[PDB]
Amino acid sequence: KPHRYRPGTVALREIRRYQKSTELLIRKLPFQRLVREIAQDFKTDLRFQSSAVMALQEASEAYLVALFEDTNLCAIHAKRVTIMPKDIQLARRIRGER
Amino acid sequence: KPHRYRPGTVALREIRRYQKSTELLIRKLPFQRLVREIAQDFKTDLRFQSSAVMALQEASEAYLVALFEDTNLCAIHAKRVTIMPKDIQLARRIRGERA
Amino acid sequence: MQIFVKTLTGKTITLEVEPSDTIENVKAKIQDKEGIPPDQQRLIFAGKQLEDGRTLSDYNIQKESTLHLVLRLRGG
Amino acid sequence: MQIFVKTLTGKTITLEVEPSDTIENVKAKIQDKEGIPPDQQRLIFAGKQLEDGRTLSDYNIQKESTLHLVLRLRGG
Amino acid sequence: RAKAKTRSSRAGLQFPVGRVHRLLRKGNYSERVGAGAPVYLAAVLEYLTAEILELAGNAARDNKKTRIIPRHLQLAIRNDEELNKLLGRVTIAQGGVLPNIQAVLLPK
Amino acid sequence: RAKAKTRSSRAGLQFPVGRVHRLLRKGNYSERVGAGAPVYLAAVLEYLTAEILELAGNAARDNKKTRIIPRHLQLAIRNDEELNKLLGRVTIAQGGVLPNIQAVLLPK
Amino acid sequence: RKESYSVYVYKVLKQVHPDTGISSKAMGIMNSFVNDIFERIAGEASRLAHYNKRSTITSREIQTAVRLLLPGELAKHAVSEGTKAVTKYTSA
Amino acid sequence: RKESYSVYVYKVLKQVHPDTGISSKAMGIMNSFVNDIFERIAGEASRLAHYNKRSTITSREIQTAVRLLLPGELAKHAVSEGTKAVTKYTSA
Amino acid sequence: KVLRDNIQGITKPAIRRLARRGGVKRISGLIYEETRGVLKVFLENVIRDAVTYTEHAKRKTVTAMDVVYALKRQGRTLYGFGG
Amino acid sequence: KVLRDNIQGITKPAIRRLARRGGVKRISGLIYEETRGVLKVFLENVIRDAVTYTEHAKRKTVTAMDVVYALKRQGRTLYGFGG
DNA sequence: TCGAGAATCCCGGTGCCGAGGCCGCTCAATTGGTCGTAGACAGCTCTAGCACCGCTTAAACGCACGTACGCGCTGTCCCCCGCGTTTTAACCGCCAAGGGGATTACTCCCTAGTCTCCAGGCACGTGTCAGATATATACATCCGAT
DNA sequence: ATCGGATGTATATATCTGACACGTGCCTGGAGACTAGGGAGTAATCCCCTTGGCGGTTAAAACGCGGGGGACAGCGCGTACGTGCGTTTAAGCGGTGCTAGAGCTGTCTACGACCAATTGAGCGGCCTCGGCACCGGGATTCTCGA
C-alpha cells in the first residue's frame with residue numbers, strides 16, 4: 001500500500017514552509033523578460049538596472065501576497081475554504097482599485 | 001381593509017428617495033453634542049465654530065455612506081441580503097482599519 | 001448748532017450742523033473742509049454705531065457733543 | 001634604465017627605474033622628488049591599468065616609455 | 001513704457017499667469033522658478049476646470065436647472081471615469097451619491 | 001579660543017544635530033529654521049531608531065542569531081502595534097510575512 | 001482683500017457654456033479644487049526638481065508632473081494645452 | 001563622499017544591545033527608515049509653518065508635527081525625549 | 001456643562017437612513033452598535049487632529065480650517081469649506 | 001529584440017507558493033488568469049512612472065531610484081534599495 | 001389577468017433673496033533695466049548591461065486517481081419590516097453677554113551671513129569568527145488498520 | 001481511541017568561507033565668534049461671534065404587533081482540485097567580451113532674481129431682477145390582492 005497524505009495536509013506544510021522564508025518566489029529571468037516586454041510600449045530603448053528589476057520583483061511579490069491574504073479573508077467570509085476569481089474582484093473593489 | 005406593502009418595497013423606495021437628496025441624515029444638535037463630548041477629553045474649553053461642526057458632520061456622513069456601501073457589497077458576496085456586524089468588520093479589515 | 005467730531009488721532013474739529021441733519025450729511029461735510037472720503041469714517045456716538053440712514057436727532061445729539069470717530073482702511 | 005612618466009597636465013618627468021622594480025615602487029619614487037602621495041596616481045601603460053602588486057617587467061616596459069598618468073581626487 | 005499687456009492675454013489664457021507665478025514663488029517650492037512654468041500650470045488648471053465645468057453644466061441642463069449645484073458637480077465628477085481617478089479621495093459637501101442599486105436587491 | 005564641543009554632545013544625543021540642521025536648510029521646507037528644531041528632531045529620530053532596534057535585537061536573539069536581518073526587522077515592526085501603524089504602508093525587501101494561518105483552515 | 005479664483009472660473013464657464021449660473025457653494029468648491037490641484041502639481045514638480053539636483057522649476061518639470069498626476073487621456077490633453085500655451089507665450 | 005546614518009545607527013545599537021551585530025541590508029533599511037521619518041516630520045512641520053504664515057520652523061512646530069504623525073504612546077515618549085534634549089541643549 | 005451618553009444621539013433611524021443612502025435594503029439588529037463604535041473612533045481621530053491643530057495655533061476655537069486639515073492629512077480631502 | 005507572450009512565464013506553481021505565502025489552503029483553477037491580469041495592470045502602473053522618471057532624467061536607464069520614487073508615489077514605500 | 005389605492009410626475013401660480021452687473025480705488029502685476037550664476041553643451045573615461053556559449057539539474061508539466069467540498073435543494077423558525085399610536089426634543093425664532101480673534105504698533109533678540117580653524121566622518125584594508133552547508137541522529141506527525 | 005510504519009522536522013558536530021567589525025589617514029563639513037536686521041514676542045483695542053437661555057410647533061423618534069421573507073442548518077452529489085510520478089524544459093551558473101552610456105569636469109551664455117514707477121485688474125460695497133422653492137390641483141404610474 002503506497003503512502004499518500006490526505007488532501008489539505010501538504011498544503012498546510014507548504015504554507016508553514018513559505019511563511020517562514022524570505023526567498024523571492026517568481027523565477028527571475030521570466031519576470032525580467034515580462035518587465036522588459038511590458039516597458040517596450042512606453043520607451044523604445046531601456047536598460048533596466050538589475051537593482052531596479054530586483055525592486056520591481058520585491059514590490060510585485062509583496063503586493064500579490066497582500067492581495068492573496070485579502071482574497072483568503074473574503075473566501076473565509078463566504079463560508080468557503082477555497083478561493084475563487086470573484087474573491088479577488090471583491091477584494092480589489094473594497095481596496096478601491098477597480 | 002388595510003393596504004399593506006410587502007416587506008422590501010418600502011425599503012427600495014427609501015433607497016431611491018435618499019440617493020436623490022443631498023441633505024444631512026443626522027440630527028444637528030445631537031451630532032454637535034456628540035462632537036463636544038468627544039473633544040472634552042483633549043482640551044477643557046473649546047469653541048467649535050459652526051462651520052467646523054458642519055464640516056465634521058459632512059465628513060462623518062460621507063464616511064458612513066461609503067462604509068455601508070462596502071458592507072452591502074460584502075453582504076451580497078456572502079449570498080445574503082441583510083448586512084451583519086461581521087460584514088462591517090470584513091470591509092474595514094480589507095480597507096485597512098480593523099488591524 | 002455745532003457739535004465736535006473727535007477723531008482717533010486726537011484732532012478735534014468744530015462742525016456746525018442742523019437738528020434735522022443726518023448721519024450721512026455729516027460725512028460729506030468733512031470732505032468739504034478736509035477732503036476725507038465719507039466712507040472711510042466710522043462715527044461712534046453714545047457708544048452705539050451710527051447708521052447712514054439715521055438723522056442727528058434719533059440719537060439725541062446735544063450740543064458740545066464729544067463725537068468719537070474711527071477711521072477705517074480699505075485693505076488689510 | 002629610465003622611463004618617462006607623462007601626466008595628464010602635460011608635464012613629463014625623467015624617472016630612473018630598475019627592471020625588477022614594481023608598479024608600487026614607482027609610486028613612492030615620485031613622492032621623493034615631488035611630495036605627491038602615491039595613492040593619488042593612476043598609472044596607465046599600454047592602455048591597461050597597472051596594479052600595485054605587479055612589477056615593471058610584466059607589462060614589458062621598454063625604455064623611453066610614454067607612461068600616461070591619471071591623477072585622482074579624494075572626494076567628488 | 002507701452003500699455004501693460006497681461007501674461008494671460010499674451011498666452012491666450014483666462015487664468016492669472018502672474019498670480020500663479022506669485023503663488024509658486026511664495027509657496028517655498030524652490031528658490032527659482034522658470035518663466036514658462038506659471039504659464040504651463042495656468043493652462044493646465046484652466047483646461048481641468050473647463051473640463052469639469054462642461055460636464056457639470058451638462059448635468060445641470062439634464063436636471064432642468066440653469067445653475068450648477070454641488071450635486072451637479074458630484075454627478076459630473078463621479079460619472080466621468082477619468083475625473084473619478086483624480087478625485088477618488090475627495091468628498092464634496094452637499095454632493096450626495098449617485099443612484100445605484102445592486103441587481104440582486106431588485107424585486108423578483 | 002575655547003575647545004570645540006559638538007551640538008550632539010552638548011545636547012546629549014548620538015545623531016548628527018549639524019547634519020539634521022543642514023538637511024532642514026537644504027530641504028526647501030521653510031525659509032528659516034530655529035536653533036532647537038534640529039536638536040528636537042534628532043532626538044525624536046534617535047528615540048525611534050532605538051525603539052526599532054531593541055525589538056529587532058530581541059527578535060534576532062529569538063532565532064539564536066547575533067546579527068540583525070531584514071527578516072528580524074520585519075518581524076519586530078509587524079509584531080509591535082504602533083510601529084505597524086507607522087509602517088503599515090511600507091514594504092521591506094527580503095522581509096517575508098508573519099506566520100499566520102486562519103483557524104478555519106486548520107484540520108478538525 | 002481676500003483673493004481667489006472666482007472671476008477666472010466665471011470666465012471659463014462663460015467661455016464653455018455661454019449661459020449658465022454658479023451658486024456660491026459651487027464656486028467655493030471650484031476654488032477648493034483649483035487650490036488642491038495647484039498644490040498637488042507644484043509639490044510633485046518641486047520633488048522632481050530636487051530629485052535631479054536642480055534649483056529651478058521649469059515647464060519640463062511641470063509637464064512631467066502633469067504626466068505623473070493625470071490619468072489617461074487627461075494627461076495627454078493637458079500636456080497639449082500646456083505646450084501650446086507656452087509656445088504662444090514665447091512667440092510674443 | 002556619500003553620507004548616511006550608518007555610524008549613528010551603529011552607536012545606538014551598541015548602546016541598546018552591546019552584544020548584537022547588524023548587516024549591510026539592515027543598514028540600508030535603517031537609513032531608508034530614518035530618511036522616511038525625517039521627510040515626513042519635515043514636511044508636516046513645513047505645512048504647519050505655512051498654515052500659520054510663520055517663516056521659521058522651530059521646536060514647537062516639530063513637536064506638534066510629532067504629535068500629528070506618531071501614534072499614541074510613541075508620540076508621548078518622543079515628545080518627552082525631545083523636550084529633554086532641548087532643555088539640555090539650552091541649559092548646557 | 002458636563003456631557004455624557006451623547007453617542008446615543010446617533011439614533012436608529014439615522015443609521016437606517018445612512019444605510020438606505022448607501023444602498024442597503026435590509027439591516028440586522030446589531031448593526032447600530034458597530035456603526036456607533038466606528039463613528040466614534042473616526043470622530044475621535046479627526047477631532048484629535050483638529051484639536052492639536054487649533055492648539056498649535058495657540059487658539060481656543062476650532063475653526064473649519066482645522067477640520068479641513070485634519071481630514072486632508074488622513075486622505076479624506078473635503079471640498080466646500082475653504083480648504 | 002521583440003518579445004511577444006512573456007506572460008505564461010509567471011507559471012501556475014509561481015502563482016501558488018505565493019498564494020501559500022498569503023495563507024490560502026485551496027485554490028480554484030481560474031485563479032491563475034485573474035492573478036496574471038493583476039500584476040499586469042500592476043507593475044504597468046509602476047512602469048510609465050519609472051519611465052517618465054528616467055525620461056525626465058534624460059537617461060534611457062531605469063535606475064533603482066526610479067522604481068523607488070515610483071513606489072512611495074503609488075502609495076507603497078519600499079525599503080533598502082533605496083532612499 | 002385588473003381595478004383600488006397609494007406614490008409620483010406634472011403643470012400652473014406666487015413670492016423671495018442670491019447671482020450677476022455696476023462703480024471706484026488701490027495695490028500688485030507689468031515694464032524695464034542690471035547682474036550673478038545654473039545648467040547647456042562638449043569632452044572623456046570607466047562601469048555594466050547586454051549578448052553569447054555550454055553544463056547541471058531544479059522546476060515545470062502532463063497524466064491519473066481519489067475525495068472532500070461547493071453547490072443545489074429543502075425545511076424551520078425567528079426577526080426585521082411596515083403600519084399605527086404616543087412622546088419628545090429638534091428646530092426656528094428671539095434675546096442677553098462676554099471673550100478671544102483679528103489687527104496695530106513697539107521693540108528686542110535670534111537667525112542668516114561671513115570668515116577661520118580643525119577634527120570627526122568617510123574610504124580603505126585587513127583579518128577573523130558567524131552563519132551557511134553537509135552529515136548523521138533523535139523526535140513529532142500523519143494516516144491506515146484494529 | 002490506540003499503534004506503528006513512514007514521512008518530515010528538528011538537533012548536535014565539523015569545517016569554512018566571505019561579510020562584518022575595527023584601524024588608519026585624510027579632507028571637507030561642522031564648529032567658534034561677531035553683526036545686521038527683519039521676524040516674531042508682547043501689550044492694547046474692537047467687535048464679530050459663539051454660548052447660554054426661553055417659548056412654541058411639530059417633525060421625528062420611540063414603542064408595539066402581526067407576519068412574510070430570509071438566515072441557516074441538513075443532506076446528497078459529482079466534479080473539480082490536491083497529491084504523487086515520470087518526463088521535459090529552461091532556469092541557474094560560470095565565464096568572456098564590447099560598446100552604450102552614466103557620471104564627472106571645463107566654458108560660458110542665456111535666464112531668472114532684484115529693484116524703481118506705474119497703472120489697470122480685481123476686490124469691496126450696493127442693488128436689483130429673475131431662477132427657484134413651495135402650494136396645490138392633476139393626471140399618470142407602480143403595487144397587490146383578485
# chains A, B, ... in the order shown; residues from 1 in each chain; ligands from 1
call {"tool": "select_by_dssp", "arguments": {"residues": "chain C", "states": "helix (DSSP H, G or I)", "output": "list in words"}}
result
residues 23, 24, 25, 26, 27, 28, 29, 30, 31, 32, 33, 34, 38, 39 and 40 of chain C
call {"tool": "write_last_selection", "arguments": {"atoms": "C-alpha atoms", "output": "tab-separated table (two decimals), in the first residue's frame"}}
result
chain	number	residue	atom	x	y	z
C	23	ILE	CA	-25.52	110.93	9.94
C	24	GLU	CA	-24.76	110.76	6.22
C	25	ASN	CA	-24.84	114.56	5.90
C	26	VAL	CA	-22.03	114.96	8.45
C	27	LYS	CA	-19.87	112.55	6.43
C	28	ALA	CA	-19.99	114.75	3.32
C	29	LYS	CA	-19.35	117.94	5.32
C	30	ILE	CA	-15.88	116.80	6.44
C	31	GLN	CA	-14.98	116.10	2.80
C	32	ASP	CA	-15.71	119.77	2.08
C	33	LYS	CA	-13.19	121.00	4.67
C	34	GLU	CA	-10.65	118.14	4.72
C	38	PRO	CA	-17.10	109.88	3.68
C	39	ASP	CA	-16.96	106.06	3.58
C	40	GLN	CA	-13.59	105.91	5.42
call {"tool": "residues_around", "arguments": {"residues": "residue 9 (chain H)", "least_positions_apart": "3", "cutoff": "8 Å", "atoms": "only C-alpha atoms (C1' of nucleotides)", "output": "number ranges by chain"}}
result
F: 49; H: 5-6, 12-13, 27, 30
call {"tool": "write_last_selection", "arguments": {"atoms": "C-alpha atoms", "output": "mmCIF file, in the first residue's frame"}}
result
data_model
loop_
_atom_site.group_PDB
_atom_site.id
_atom_site.type_symbol
_atom_site.label_atom_id
_atom_site.label_comp_id
_atom_site.auth_asym_id
_atom_site.auth_seq_id
_atom_site.Cartn_x
_atom_site.Cartn_y
_atom_site.Cartn_z
ATOM 1 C CA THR F 49 15.704 54.170 15.959
ATOM 2 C CA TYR H 5 23.238 57.413 9.273
ATOM 3 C CA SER H 6 25.142 54.111 9.428
ATOM 4 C CA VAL H 12 22.587 53.434 19.002
ATOM 5 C CA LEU H 13 22.678 49.662 18.502
ATOM 6 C CA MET H 27 21.998 49.417 7.394
ATOM 7 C CA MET H 30 17.591 51.693 8.700
#
call {"tool": "select_by_dssp", "arguments": {"residues": "chain D", "states": "strand (DSSP E or B)", "output": "list in words"}}
result
residues 2, 3, 4, 5, 6, 7, 12, 13, 14, 15, 16, 22, 41, 42, 43, 44, 45, 48, 49, 55, 66, 67, 68, 69, 70 and 71 of chain D
call {"tool": "closest_residue", "arguments": {"among": "E:89, E:108, E:67, E:32", "to": "chain F", "atoms": "only C-alpha atoms"}}
result
E:32
call {"tool": "residues_around", "arguments": {"residues": "residue 94 (chain F)", "least_positions_apart": "6", "cutoff": "8 Å", "atoms": "only C-alpha atoms (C1' of nucleotides)", "output": "NGL selection string"}}
result
(:A and (22-24 or 58)) or (:F and (70-71))
